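Undergrad: Before we start, here is the structure in question, set down as structure tokens.
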Amino acid sequence: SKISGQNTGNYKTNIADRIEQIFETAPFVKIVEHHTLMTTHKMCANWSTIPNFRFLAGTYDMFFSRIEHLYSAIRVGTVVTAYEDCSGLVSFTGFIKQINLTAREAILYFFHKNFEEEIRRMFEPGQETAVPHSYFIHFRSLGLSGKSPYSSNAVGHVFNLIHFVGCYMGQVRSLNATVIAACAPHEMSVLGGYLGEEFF
RNA sequence: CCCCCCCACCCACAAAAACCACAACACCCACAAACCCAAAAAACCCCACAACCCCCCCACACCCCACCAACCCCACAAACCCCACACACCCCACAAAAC
């Protein structure tokens, strides 16, 4: 339900086939034969919006991440729930690791007034951004949430800068990420150009 | 058109690796005599009856020119963006998102 968009048909079928083969082979047994999953998805495309359905998926993913299980393969549906709507924060942490910076040092390179609000927004204390298996990883899926201050839009300038540097270094993930048009992409690209020059 | 965890060469038993090896061998050489897919002789332009030798010609003629009026595959007028009701005007937008 989440993976809806332009030109994603062959790809939805491929993930669905991977899903079906997982659940048709041991420790799971084939109960729906083939192509049933795609057809139910056609009628169940907006099931992601349903709050209880999202809540349960997140709960399942939290349980399977901490405890290893025979049916741990169920996580393949619920993996999307982890770090949901926190792409900004996820992009930042990868950027720190790919660039080989201490995160603090990385923020020093953000030479613009606009980054200030975003830096405060994503680094607010008291949220378990520092705990390995906390409710935070599934916070959006679970009830304890609001619009995420960690989403690529909430931290639009930082997100743009990160992937613009990623594009300069040829990171495919950044090449295919969708740019936040509101948050001054042109200025972000210029700064990203210099930073990538330094890091490539 | 990112992700199940662990993981992460479409790496892996042993013994081993020239898609080497019986021996005899090793021109996908060879029967000899011979070794031009030469030769009877006479011949030797796929020359020649002769007249002839433009696939030239009746004459008048000789633009596959011509009735004249003519002669843009111009034209009624009004016209003349294959322009317009307003409202408008990203083939943008629920939210959440957004490898």
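Chain identifiers are assigned as A, B, and so on, following the order in which chains appear in the structure tokens; residues are numbered from 1 within each chain, and ligands are numbered from 1 in order of appearance.
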Can you pull out the residues contacting residue 168 (chain A)? Cut-off 12 Å, using only C-alpha atoms (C1' of nucleotides), and skip same-chain residues under 5 positions away; I want them as a ChimeraX atom specification.

TA: /A:161-163,173-175,189-200

Undergrad: Include N, CA and C atoms and write out the residues we just selected as a PDB file, in the first residue's frame.

TA:
```
ATOM      1  N   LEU A 161      20.686  19.265   1.175  1.00  0.00           N
ATOM      2  CA  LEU A 161      22.135  19.357   1.181  1.00  0.00           C
ATOM      3  C   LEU A 161      22.773  17.978   1.185  1.00  0.00           C
ATOM      4  N   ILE A 162      22.227  17.060   1.979  1.00  0.00           N
ATOM      5  CA  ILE A 162      22.823  15.735   2.123  1.00  0.00           C
ATOM      6  C   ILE A 162      22.827  14.991   0.798  1.00  0.00           C
ATOM      7  N   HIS A 163      21.681  14.966   0.122  1.00  0.00           N
ATOM      8  CA  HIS A 163      21.607  14.199  -1.113  1.00  0.00           C
ATOM      9  C   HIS A 163      22.278  14.939  -2.252  1.00  0.00           C
ATOM     10  N   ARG A 173      21.277   6.369  -4.152  1.00  0.00           N
ATOM     11  CA  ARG A 173      20.172   6.672  -3.259  1.00  0.00           C
ATOM     12  C   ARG A 173      19.824   8.150  -3.342  1.00  0.00           C
ATOM     13  N   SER A 174      20.844   8.999  -3.302  1.00  0.00           N
ATOM     14  CA  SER A 174      20.592  10.422  -3.434  1.00  0.00           C
ATOM     15  C   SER A 174      20.098  10.769  -4.829  1.00  0.00           C
ATOM     16  N   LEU A 175      20.615  10.100  -5.863  1.00  0.00           N
ATOM     17  CA  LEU A 175      20.184  10.431  -7.215  1.00  0.00           C
ATOM     18  C   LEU A 175      18.685  10.242  -7.369  1.00  0.00           C
ATOM     19  N   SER A 189      22.098  23.201  -3.557  1.00  0.00           N
ATOM     20  CA  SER A 189      22.955  22.549  -4.531  1.00  0.00           C
ATOM     21  C   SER A 189      24.315  23.215  -4.582  1.00  0.00           C
ATOM     22  N   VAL A 190      24.356  24.548  -4.476  1.00  0.00           N
ATOM     23  CA  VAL A 190      25.644  25.240  -4.525  1.00  0.00           C
ATOM     24  C   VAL A 190      26.516  24.815  -3.355  1.00  0.00           C
ATOM     25  N   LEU A 191      25.978  24.911  -2.137  1.00  0.00           N
ATOM     26  CA  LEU A 191      26.710  24.455  -0.964  1.00  0.00           C
ATOM     27  C   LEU A 191      27.032  22.978  -1.057  1.00  0.00           C
ATOM     28  N   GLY A 192      26.087  22.187  -1.555  1.00  0.00           N
ATOM     29  CA  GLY A 192      26.363  20.780  -1.743  1.00  0.00           C
ATOM     30  C   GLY A 192      27.473  20.551  -2.748  1.00  0.00           C
ATOM     31  N   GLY A 193      27.553  21.417  -3.758  1.00  0.00           N
ATOM     32  CA  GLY A 193      28.638  21.311  -4.718  1.00  0.00           C
ATOM     33  C   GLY A 193      30.006  21.479  -4.087  1.00  0.00           C
ATOM     34  N   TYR A 194      30.159  22.496  -3.244  1.00  0.00           N
ATOM     35  CA  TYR A 194      31.441  22.716  -2.599  1.00  0.00           C
ATOM     36  C   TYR A 194      31.782  21.597  -1.637  1.00  0.00           C
ATOM     37  N   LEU A 195      30.798  21.147  -0.860  1.00  0.00           N
ATOM     38  CA  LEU A 195      31.048  20.107   0.128  1.00  0.00           C
ATOM     39  C   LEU A 195      31.425  18.804  -0.542  1.00  0.00           C
ATOM     40  N   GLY A 196      30.711  18.454  -1.610  1.00  0.00           N
ATOM     41  CA  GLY A 196      31.061  17.260  -2.353  1.00  0.00           C
ATOM     42  C   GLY A 196      32.439  17.363  -2.969  1.00  0.00           C
ATOM     43  N   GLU A 197      32.781  18.543  -3.487  1.00  0.00           N
ATOM     44  CA  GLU A 197      34.129  18.737  -3.994  1.00  0.00           C
ATOM     45  C   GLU A 197      35.141  18.395  -2.912  1.00  0.00           C
ATOM     46  N   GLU A 198      34.880  18.839  -1.689  1.00  0.00           N
ATOM     47  CA  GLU A 198      35.787  18.546  -0.591  1.00  0.00           C
ATOM     48  C   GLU A 198      35.823  17.056  -0.270  1.00  0.00           C
ATOM     49  N   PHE A 199      34.685  16.386  -0.355  1.00  0.00           N
ATOM     50  CA  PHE A 199      34.605  15.005   0.094  1.00  0.00           C
ATOM     51  C   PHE A 199      34.721  13.952  -0.997  1.00  0.00           C
ATOM     52  N   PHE A 200      34.735  14.318  -2.271  1.00  0.00           N
ATOM     53  CA  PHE A 200      34.785  13.313  -3.323  1.00  0.00           C
ATOM     54  C   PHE A 200      36.231  13.053  -3.718  1.00  0.00           C
TER      55      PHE A 200
END
```

Undergrad: Pick out the chain A residues within 7 Å of chain B. Count only C-alpha atoms (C1' of nucleotides). Give them as a list in words.

TA: residues 7, 8, 11, 72, 73, 74, 75, 76, 79, 85, 173, 174, 176, 177 and 178 of chain A

Undergrad: Suppose we keep N, CA, C and O atoms; can you now write the selection as a JSON list (two decimals), in the first residue's frame?

TA:
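Saved to part-v5.json:
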```
[["chain", "number", "residue", "atom", "x", "y", "z"],
["A", 7, "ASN", "N", 5.14, 4.61, -12.36],
["A", 7, "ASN", "CA", 6.10, 3.63, -12.88],
["A", 7, "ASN", "C", 6.65, 2.74, -11.77],
["A", 7, "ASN", "O", 7.84, 2.66, -11.49],
["A", 8, "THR", "N", 5.75, 2.13, -11.08],
["A", 8, "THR", "CA", 6.27, 1.21, -10.11],
["A", 8, "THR", "C", 5.59, -0.14, -10.21],
["A", 8, "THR", "O", 5.68, -0.97, -9.29],
["A", 11, "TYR", "N", 7.94, -3.30, -10.50],
["A", 11, "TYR", "CA", 8.62, -3.43, -9.22],
["A", 11, "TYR", "C", 7.68, -3.93, -8.12],
["A", 11, "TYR", "O", 8.06, -4.81, -7.34],
["A", 72, "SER", "N", 10.37, -15.03, 11.62],
["A", 72, "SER", "CA", 10.92, -13.69, 11.55],
["A", 72, "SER", "C", 10.78, -13.13, 10.15],
["A", 72, "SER", "O", 10.86, -11.91, 9.97],
["A", 73, "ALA", "N", 10.53, -13.99, 9.15],
["A", 73, "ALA", "CA", 10.37, -13.53, 7.78],
["A", 73, "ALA", "C", 9.14, -12.65, 7.58],
["A", 73, "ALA", "O", 9.09, -11.91, 6.58],
["A", 74, "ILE", "N", 8.20, -12.65, 8.53],
["A", 74, "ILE", "CA", 7.02, -11.78, 8.52],
["A", 74, "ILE", "C", 7.45, -10.32, 8.51],
["A", 74, "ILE", "O", 6.73, -9.45, 7.99],
["A", 75, "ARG", "N", 8.65, -10.04, 9.00],
["A", 75, "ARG", "CA", 9.14, -8.67, 9.06],
["A", 75, "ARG", "C", 9.20, -8.04, 7.67],
["A", 75, "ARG", "O", 9.22, -6.82, 7.58],
["A", 76, "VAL", "N", 9.21, -8.86, 6.61],
["A", 76, "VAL", "CA", 9.39, -8.32, 5.26],
["A", 76, "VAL", "C", 8.25, -7.38, 4.88],
["A", 76, "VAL", "O", 8.42, -6.45, 4.07],
["A", 79, "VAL", "N", 8.91, -4.15, 7.63],
["A", 79, "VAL", "CA", 10.19, -3.45, 7.66],
["A", 79, "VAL", "C", 10.00, -1.96, 7.37],
["A", 79, "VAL", "O", 10.70, -1.12, 7.94],
["A", 85, "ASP", "N", 8.79, 7.83, 8.33],
["A", 85, "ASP", "CA", 8.68, 9.29, 8.30],
["A", 85, "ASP", "C", 9.85, 9.97, 9.03],
["A", 85, "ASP", "O", 9.71, 11.05, 9.60],
["A", 173, "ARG", "N", 21.28, 6.37, -4.15],
["A", 173, "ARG", "CA", 20.17, 6.67, -3.26],
["A", 173, "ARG", "C", 19.82, 8.15, -3.34],
["A", 173, "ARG", "O", 18.65, 8.53, -3.48],
["A", 174, "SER", "N", 20.84, 9.00, -3.30],
["A", 174, "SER", "CA", 20.59, 10.42, -3.43],
["A", 174, "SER", "C", 20.10, 10.77, -4.83],
["A", 174, "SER", "O", 19.25, 11.65, -4.98],
["A", 176, "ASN", "N", 18.14, 9.19, -6.76],
["A", 176, "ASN", "CA", 16.73, 8.87, -6.88],
["A", 176, "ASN", "C", 15.86, 9.46, -5.77],
["A", 176, "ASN", "O", 14.64, 9.33, -5.84],
["A", 177, "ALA", "N", 16.44, 10.09, -4.75],
["A", 177, "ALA", "CA", 15.57, 10.69, -3.74],
["A", 177, "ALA", "C", 14.86, 11.90, -4.35],
["A", 177, "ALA", "O", 15.35, 12.53, -5.28],
["A", 178, "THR", "N", 13.67, 12.17, -3.85],
["A", 178, "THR", "CA", 12.87, 13.28, -4.36],
["A", 178, "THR", "C", 13.22, 14.55, -3.59],
["A", 178, "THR", "O", 13.19, 14.56, -2.35]]
```

Undergrad: Please report, as a list in words, each residue of region 134-192 of chain A to which DSSP assigns alpha helix (DSSP H) when run on this structure's backbone.

TA: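 DSSP on the backbone gives alpha helix (DSSP H) at residues 156, 157, 158, 159, 160, 161, 162, 163, 164, 165, 166, 167, 168, 172, 173, 174, 175, 176, 185, 186, 187, 188, 189, 190, 191 and 192 of chain A.
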
Undergrad: Write out as a PyMOL selection string the residues lying within 8 Å of residue 150 (chain A), counting only C-alpha atoms (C1' of nucleotides) and excluding same-chain residues fewer than 5 positions away.

TA: chain A and resi 85-89+121-122+155

Undergrad: Residues within 12 Å of residue 104 (chain A), please, as number ranges by chain. Count only C-alpha atoms (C1' of nucleotides); anything in the same chain fewer than 2 positions from it doesn't count.

TA: A: 92-93, 95-97, 100-102, 106-110, 119, 123

Undergrad: For the selection just defined, write its residues with N, CA and C atoms to a file, as a short mmCIF file (atom, residue, chain, number, x, y, z; two decimals), in the first residue's frame.

TA:
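For reference, selection23.cif as written:
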```
data_model
loop_
_atom_site.label_atom_id
_atom_site.label_comp_id
_atom_site.auth_asym_id
_atom_site.auth_seq_id
_atom_site.Cartn_x
_atom_site.Cartn_y
_atom_site.Cartn_z
N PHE A 92 20.62 11.93 7.54
CA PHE A 92 21.73 12.57 8.24
C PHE A 92 22.72 11.57 8.79
N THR A 93 22.22 10.53 9.48
CA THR A 93 23.10 9.53 10.08
C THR A 93 23.93 8.79 9.03
N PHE A 95 24.76 10.12 6.15
CA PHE A 95 25.66 11.13 5.61
C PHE A 95 26.91 11.25 6.47
N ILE A 96 26.73 11.25 7.78
CA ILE A 96 27.83 11.28 8.73
C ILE A 96 28.76 10.09 8.50
N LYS A 97 28.18 8.90 8.34
CA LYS A 97 28.99 7.69 8.19
C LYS A 97 29.66 7.63 6.82
N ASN A 100 32.48 10.14 6.68
CA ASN A 100 33.47 9.88 7.71
C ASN A 100 33.67 11.10 8.62
N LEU A 101 32.55 11.67 9.09
CA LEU A 101 32.56 12.79 10.01
C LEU A 101 31.89 12.41 11.33
N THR A 102 32.22 13.15 12.38
CA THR A 102 31.69 12.90 13.71
C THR A 102 30.33 13.52 13.96
N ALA A 106 30.14 17.50 11.05
CA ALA A 106 29.33 17.62 9.85
C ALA A 106 28.43 18.85 9.91
N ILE A 107 27.84 19.12 11.07
CA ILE A 107 26.97 20.28 11.19
C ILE A 107 27.75 21.58 10.99
N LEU A 108 29.05 21.58 11.31
CA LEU A 108 29.87 22.78 11.10
C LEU A 108 29.90 23.20 9.65
N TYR A 109 29.83 22.24 8.74
CA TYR A 109 29.87 22.54 7.33
C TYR A 109 28.56 23.12 6.81
N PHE A 110 27.47 23.11 7.60
CA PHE A 110 26.16 23.60 7.13
C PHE A 110 26.14 25.12 7.23
N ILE A 119 18.17 22.00 12.43
CA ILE A 119 19.09 21.36 13.37
C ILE A 119 18.47 21.26 14.76
N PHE A 123 17.17 17.56 16.58
CA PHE A 123 18.01 17.14 17.69
C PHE A 123 17.41 17.47 19.05
#
```

Undergrad: When you draw a straight line from CA of residue 116 (chain A) to CA of residue 153 (chain A), how long is it in Å?

TA: 14.7 Å

Undergrad: Between CA of residue 118 (chain A) and CA of residue 156 (chain A), what is the spacing in Å?

TA: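 These two atoms are separated by 7.7 Å.
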
Undergrad: Would you mind reading off the distance between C1' of residue 91 (chain B) and CA of residue 179 (chain A), one decimal, in Å?

TA: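 One can read the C1' of residue 91 (chain B) to CA of residue 179 (chain A) distance as 21.0 Å.
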
Undergrad: Identify, on the basis of only C-alpha atoms (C1' of nucleotides), every residue whose closest approach to residue 9 (chain A) does not exceed 12 Å; exclude the query and any residue fewer than 6 positions from it along the same chain; express the result as a PDB file with N, CA and C atoms (P, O5', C5', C4', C3', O3' and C1' of nucleotides), in the first residue's frame.

TA:
```pdb
ATOM      1  N   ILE A   3       4.030   1.590  -1.235  1.00  0.00           N
ATOM      2  CA  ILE A   3       4.814   1.781  -2.456  1.00  0.00           C
ATOM      3  C   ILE A   3       3.952   2.120  -3.674  1.00  0.00           C
ATOM      4  N   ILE A  15       8.380  -7.432  -5.799  1.00  0.00           N
ATOM      5  CA  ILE A  15       8.388  -7.529  -4.335  1.00  0.00           C
ATOM      6  C   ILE A  15       7.273  -8.455  -3.861  1.00  0.00           C
ATOM      7  N   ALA A  16       6.128  -8.409  -4.546  1.00  0.00           N
ATOM      8  CA  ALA A  16       5.016  -9.274  -4.199  1.00  0.00           C
ATOM      9  C   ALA A  16       5.386 -10.737  -4.430  1.00  0.00           C
ATOM     10  N   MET A  38      -1.272  -9.847  -5.092  1.00  0.00           N
ATOM     11  CA  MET A  38      -1.355  -8.667  -5.949  1.00  0.00           C
ATOM     12  C   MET A  38      -2.801  -8.175  -6.095  1.00  0.00           C
ATOM     13  N   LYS A  42      -4.716  -4.701  -5.029  1.00  0.00           N
ATOM     14  CA  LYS A  42      -5.467  -3.816  -5.924  1.00  0.00           C
ATOM     15  C   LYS A  42      -6.690  -3.231  -5.232  1.00  0.00           C
TER      16      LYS A  42
ATOM     17  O5'   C B   1      10.611   0.138  -4.922  1.00  0.00           O
ATOM     18  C5'   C B   1      10.273   1.123  -5.898  1.00  0.00           C
ATOM     19  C4'   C B   1      11.026   0.928  -7.197  1.00  0.00           C
ATOM     20  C3'   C B   1      12.435   1.514  -7.292  1.00  0.00           C
ATOM     21  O3'   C B   1      13.415   0.687  -6.672  1.00  0.00           O
ATOM     22  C1'   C B   1      11.225   1.787  -9.361  1.00  0.00           C
TER      23        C B   1
END
```

Undergrad: Residues within 6 Å of region 135-137 of chain A, please, as number ranges by chain. Count only C-alpha atoms (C1' of nucleotides); anything in the same chain fewer than 4 positions from it doesn't count.

TA: A: 82-83, 128

Undergrad: Okay, now the selection with N, CA and C atoms, as an mmCIF file, in the first residue's frame?

TA:
```cif
data_model
loop_
_atom_site.group_PDB
_atom_site.id
_atom_site.type_symbol
_atom_site.label_atom_id
_atom_site.label_comp_id
_atom_site.auth_asym_id
_atom_site.auth_seq_id
_atom_site.Cartn_x
_atom_site.Cartn_y
_atom_site.Cartn_z
ATOM 1 N N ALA A 82 9.650 0.590 10.389
ATOM 2 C CA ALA A 82 10.812 1.062 11.141
ATOM 3 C C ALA A 82 11.385 2.342 10.537
ATOM 4 N N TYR A 83 11.628 3.320 11.406
ATOM 5 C CA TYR A 83 12.102 4.658 11.039
ATOM 6 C C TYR A 83 11.171 5.284 10.005
ATOM 7 N N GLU A 128 14.060 9.229 22.386
ATOM 8 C CA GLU A 128 15.046 8.150 22.427
ATOM 9 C C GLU A 128 15.727 7.895 21.081
#
```
